[PDB]
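Q: Let me give you the structure first, and then I'll get to my questions.
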């Protein structure tokens, strides 16, 4: 229920936390380089996500724009953010267990490590330089690395059938981050944790 969101990047990020229809805790906060933000998530939260936003501008009421991960121009996110966005996904207290993962299905903007701060399971990590190695057709002009579905809107990339396979692009994401979801029907890299665990999301976990 406790998530410490740490920004080890050299640049300011704007952390966001939402379960799709509502904000988790405040829903969003500015994180300068090195700052930590502890948030509390309801037990039993299904389908929550934490991500980082890049190059944000907000007014005095918390309205503005982010060049990655914008959630309707809000500082305190109540909706999911705009791709490209590296996703820390979690479902808490699901029949006794927690389930965590990192997803590149909505693209990649900032590296992250998603680890438990309590005993019982391992962490996941996507820290490679996906933005620097991004294929030309996927690069967001000011947003990092898009996913194939965001760029091309085809059944194969978006898995609207529910019977899809890997591509060039998913395979690039999976080559740079094997621990993260590259496409929808990817072999699950989901980690099972003891119910009611606590976690740390670290942006730019490495150098």
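Each position is counted from 1, following the chain as shown.
From the backbone N, Cα and C atoms, a Cβ is placed for every residue, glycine too.
Pulled these from Swiss-Prot:
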type: DISULFID; residues: 9-204; note: disulfide bond
type: DISULFID; residues: 56-66; note: disulfide bond
type: DISULFID; residues: 71-77; note: disulfide bond
type: DISULFID; residues: 121-193; note: disulfide bond
type: DISULFID; residues: 126-177; note: disulfide bond
type: DISULFID; residues: 134-145; note: disulfide bond
type: DISULFID; residues: 149-158; note: disulfide bond
type: DISULFID; residues: 159-164; note: disulfide bond
Q: Within 10 Å of residue 145 (disulfide bond), Cα to Cα, which of the disulfide-bonded residues 9, 56, 77, 126 are there?
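A: Correct set: empty; none qualify.
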Q: Only counting partners 6 or more residues apart, tell me which same-chain residues put their Cβ under 8 Å from the Cβ of residue 177 (disulfide bond).
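A: Correct list: 102, 104, 108, 125, 126, 127, 128, 130.
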Q: Tell me the Cβ neighbour count for residue 193 (disulfide bond), meaning other Cβ atoms within 10 Å of its Cβ, over all protein chains shown.
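A: Excluding its own Cβ, the number within 10 Å is 22.
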Q: If you count Cβ atoms within 10 Å of each one, which of the disulfide-bonded residues 66, 121 comes out on top?
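A: Compared across 66, 121, the most Cβ atoms within 10 Å surround 66.
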Q: Using a Cβ cut-off under 8 Å and a sequence separation of 6 or more, which residues in the same chain sit near residue 134 (disulfide bond)?
A: 108, 144, 145, 172
Q: Quick check: of the disulfide-bonded residues listed here (164, 193, 204), which one has the Cα closest to that of residue 71 (disulfide bond)?
A: 204
Q: Express the distance between the Cα positions of residue 66 (disulfide bond) and residue 77 (disulfide bond) as a whole number of Å.
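A: About 12 Å separates the two Cα atoms.
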Q: Based on Cα coordinates, which of the following disulfide-bonded residues are within 10 Å of residue 164 (disulfide bond): 56, 77, 121, 158, 204?
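A: Near residue 164 (disulfide bond) by Cα: 158.
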Q: Out of these disulfide-bonded residues, 77, 204, which one has the fewest other C-beta atoms within 10 Å of its own C-beta?
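A: Looking at the disulfide-bonded residues 77, 204, the Cβ with the fewest others within 10 Å is that of 204.
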